[PDB]
């Protein structure tokens, strides 16, 4: 489950971090988003018929999804997403955005090449992946721990 309250906190956590990066820009953020999608997808390992038991540990799957959510939030922030949009977007946590596991990669690249990345899809997909394959609370906990870590790493440099 996900409230507008919770989503608003997520975006605030992301903004606090992104404000510490002067070179921050949407082009790189969108490329980075796509790359974390494949980092995540490579932890699920649906296609690896050469492994007896495919799939990396749950905490590893969640921490890449957390990475993907980070850039989705950042895109929505940098794009100046409005409350009006967020509130129309939450009742869409019951959509088939994550598609099915066998088509999600293909689908993802199609939407990217054709339509590009907008604030709504970039936010929606990692939340919707979490709702359908994990839990939203599992993702939020992974995400909060990761950003604290990211902050501690930025202090070093």
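Numbering follows the first chain given and starts at 1.
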Inset, instruction - Give the stretch, out of 34-42 and 122-130, with the larger mean C-alpha temperature factor in the deposited entry. - result: 122-130
Inset, instruction - Averaging only over Cα atoms, indicate whether 100-108 or 63-71 has the higher B-factor in the PDB entry. - result: 100-108
Legend entry - Entry-reported Cα temperature factor of residue 49, expressed as the chain third it lands in: middle
Legend entry - Position of residue 135 among the chain's modelled residues by C-alpha B-factor, lowest, middle or highest third: middle
Inset, instruction - Would you mind checking where the Cα B-factor of residue 23 ranks among the modelled residues of its chain, as the lowest, middle or highest third? - result: highest
Legend entry - Chain-relative CA temperature factor third for residue 8: lowest
Inset, instruction - Grab the CA temperature factor for residue 149 from the record and place it in the lowest, middle or highest third of its chain. - result: highest
